[PDB]
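In the form deposited in one PDB entry, a lone chain appears below as C-alpha cells.
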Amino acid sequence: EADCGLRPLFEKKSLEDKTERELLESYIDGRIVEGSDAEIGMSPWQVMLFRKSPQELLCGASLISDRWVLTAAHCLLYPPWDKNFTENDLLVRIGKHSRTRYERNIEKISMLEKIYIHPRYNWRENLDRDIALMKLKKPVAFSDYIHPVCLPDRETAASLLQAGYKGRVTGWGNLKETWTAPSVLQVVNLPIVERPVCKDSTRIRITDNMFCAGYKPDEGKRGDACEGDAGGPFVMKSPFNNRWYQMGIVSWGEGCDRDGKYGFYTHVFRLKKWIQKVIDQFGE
C-alpha cells in the first residue's frame, strides 16, 4: 500500500505526536507513567470489532488497506469456549476515539464479507500463529481519522524488531476488561524484550512466531501492556521513511491485574507469507 503509515493529522501536516521521538531514539526515560490518553488521530489504523447481537466490544484490530482488517485468531475462533464468530455476527468500527459514544462524521461502520484464520493457528496449547484477516463487504473511504498502517517488509522487519527498541500499543484496555477476575483510546510505549526474558517470564510455551514487550518489574513503571485490546496493533515508526509499521498483533498480556508484566504479540512479518497469499489470491 503506497500511502500506508503516514497519518493525515501528523506526518501529512508535518506534525509530531507527543512521544514519537522517544520511540525513534529507543529512549527509556526515568519517569514512571508511560501511558496516556491518545491524541486525536494518533492511531488511525485502529479498528474495533463488535458483536452485532448483543452489541459489545469483542477485540481490537487494525486497517491494512481499504478492504482488509487484521486481528488475532482467538478473537474469532476459540473452541474451548465454543467461540466461532461468523462474518454475519460481527461489525468493525473504524476511526473511533471514544469507546462509549457513536462518533458521526468521524467513525465508519463496515460489514464483513469473509474471515480467514491462519490454517496452523494453535489454540490447543499456546495460541501459536494467532492471526486472522477480515475482508470488508465494501471498501472504506479514507479520512483524517481512517488510514491504513504499513506491513513490514524484509528490511523493515530486520531493522526494527530488536530487543531494546521501542514500539507502541494503542487500545481501550480490553486485555484488562476480560481478566480482572476508561473510555478514550490509550497509547503506551513499550520496549521489545530479549527472547530468554520473555521465555523466563511466562508459563506458556512461546514460539518464534511470538515476541514480547514491556518493562522489568524492577523499574516501577506503570506503562501497561494491558492497555491493549486483543487483536490490536503493536506499531513502530521507521526512521528511514517516516512510516508506521505494524510489527505485532496483541495476543495476550501477563499479569493484567496490574503486575508490570510483558505483553505477548504475534510476529507479523514471520507470518507474512500467509497474509500476502490471502490478500493476493482472495482479495480484490
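Sequential numbering from 1, following the sequence displayed. Take the two forms, superpose them, and find the largest set of C-alpha atoms that agree within 1.5 Å; that set is the rigid core.
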ask   = Higher mean Cα B-factor in the deposited model: 151-159 or 192-200?
value = 192-200
214-222 versus 248-256 - greater average Cα B-factor per the deposited record = 214-222
message = I'd like to know which of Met134, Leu127, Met111, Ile146 has the highest C-alpha temperature factor in the PDB entry.
response = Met111
key: Of the residues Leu175, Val169, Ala72, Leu77, the one carrying the largest Cα B-factor as recorded   = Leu175
ask   = Which third of the chain does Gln46 land in by C-alpha B-factor: lowest, middle or highest?
value = lowest
ask   = Against its chain's modelled residues, does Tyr262's Cα B factor rank lowest, middle or highest third?
value = highest
note = On the chain's distribution of Cα B-factors, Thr207 falls within the third called middle
note = Quick tally, chain-level thirds of C-alpha B-factors: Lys52 sits in the highest
inquiry  = Per the entry's values, where does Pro239 land by CA temperature factor relative to the rest of its chain, in the lowest, middle or highest third?
reply    = middle
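There is another form of this protein, the form solved in complex with a partner chain, and it is not shown here; the text below is about that form.
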ask   = Would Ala61 sit within 4.5 Å of the partner chain in the deposited bound form, counting heavy atoms only?
value = no
inquiry  = Whether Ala225 contacts the partner chain in the deposited bound form should be assessed with a 4.5 Å heavy atom distance threshold; does it?
reply    = yes
message = Residue-level contact is defined here as any heavy atom of the residue lying within 4.5 Å of the partner chain in the deposited bound form; does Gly248 satisfy this criterion?
response = no
message = I'd like to know if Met134 sits close to the partner chain in the deposited bound form, meaning any non-hydrogen atom pair within 4.5 angstroms.
response = no
ask   = After fitting the rigid core, is the C-alpha of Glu56 off by 2 Å or more between this form and the one not shown?
value = no
Exceeds or equals 2 Å, Cα of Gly220 between this form and the one not shown, core fit = yes
query = Taking the rigid core as reference, does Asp66 move its C-alpha 2 Å or further between this form and the one not shown?
reply = no
request  = Would you mind telling me if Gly260 and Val149 are closer or farther apart in the deposited bound form than in the shown form, C-alpha to C-alpha, with a 3 Å or larger change?
outcome  = farther
Distance direction in the deposited bound form for the C-alpha atoms of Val169 and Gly260, relative to the displayed form (3 angstroms or more) = farther
